[PDB]
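Coming up is one lone chain in structure tokens, specifically the form deposited in one PDB entry.
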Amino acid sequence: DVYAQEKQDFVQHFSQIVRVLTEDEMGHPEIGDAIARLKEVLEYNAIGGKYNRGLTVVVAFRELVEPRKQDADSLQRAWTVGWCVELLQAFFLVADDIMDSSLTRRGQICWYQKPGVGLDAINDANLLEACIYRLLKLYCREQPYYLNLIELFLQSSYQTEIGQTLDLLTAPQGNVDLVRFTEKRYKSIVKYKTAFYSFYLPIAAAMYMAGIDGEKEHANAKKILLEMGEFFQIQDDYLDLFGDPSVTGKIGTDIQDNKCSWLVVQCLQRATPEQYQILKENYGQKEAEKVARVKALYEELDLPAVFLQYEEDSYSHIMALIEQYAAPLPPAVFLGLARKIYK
């Protein structure tokens, strides 16, 4: 709604982002081809998603900053930082698709799977990250929140990288170990690898831009947002298997990749002894026959129904938390985001 009404405006601003990124260096004609590759990397990897994270920066900014202080420059900075969150996303996704050996993303072939690209995508990803800070310097260098934003983007990256490390350590290829797939480990993984950058980061950025830098306020917002992020990742694990790749834009790999997904953890909590052996024998392997076996067992344990139930209970819990912690911020801030990821 508020996201939907802002989407088009947000996207149209992408041309300027690209222009300022592919101009401030073109005064150095020697790197021209590199700059041209950068544009290509940006168009392919920053466009095509839902932009919920970037839009959140924009929406939250408008709801937190008094309209008398929302000048043209002020708004420009807001959707610029919104695009910075979108680039952090792109950066992690490009690397993540390589490390998960994924095939498609956002309804097109993964960048690293594009003939001509391959492992060069590693450097491409690093460039996407560098661009965040180019844009911050360009548009916010003079703002009082400049250092707060820089540290917030860096901190959020470290956290999601710590989370990725957990994600990958818990999922050795060729090493089946159902034993390590617990609730505790799962909660810790998703907290770091998704919850900070996808939910805390955008709202926290808008808070700093609105002059809201108070520690307690940020902690209170974080309380709500991390819990939403946990829900979001669990929903992401569900879609990996039970979602239509025509709508998700991506092919699942979690079972093949031996991941500590929410599905397998829930499967293990409901698994009879015989079922456990079926899981242990077919999990984390590339064979389509064995993956199908795992899915069949998930469906035999009504995990699809268990997810529908979790989603409702979780949503109610998020709402409760918003009632508790939203103040003094507008509740619409969190309600708007929550509405966007519900089901």
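If you superpose the two forms and keep the largest set of C-alpha atoms that fall within 1.5 Å, you have the rigid core. The numbering used is simple: start at 1 and walk along the sequence shown.
The form deposited with a small molecule bound is left out here; the points below concern that form.
Just one listed stretch, out of 192 to 200, 142 to 150, 263 to 271, 177 to 185, contacts the small molecule in the deposited complex at the 4.5 Å heavy atom level, and that stretch is 192 to 200. Remark: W111 does not count among the residues lining the small molecule in the deposited complex, judged by a heavy atom distance of 4.5 Å or less. Interface membership of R293, defined by any non-hydrogen atom within 4.5 Å of the small molecule in the deposited complex, is ruled out. At least one heavy atom of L239 is located within 4.5 Å of the small molecule in the deposited complex.
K50 belongs to the set of residues with a heavy atom inside 4.5 Å of the small molecule in the deposited complex.
When the small molecule is considered in the deposited complex, only one residue from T80, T170, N220, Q235 comes within 4.5 Å through any heavy atom, namely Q235. Among the residues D244, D71, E151, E142, the single one whose Cα moves by at least 2 Å between the shown form and the other one, once the core is superposed, is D244. Taking 2 Å as the criterion, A288 counts as shifted between the shown form and the other one: its C-alpha moves by at least this amount when the rigid core is aligned.
The rigid-core alignment places the CA of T253 2 Å or more apart between the shown form and the other one. Once the cores line up, the CA of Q235 ends up 2 angstroms or more apart between the shown form and the other one.
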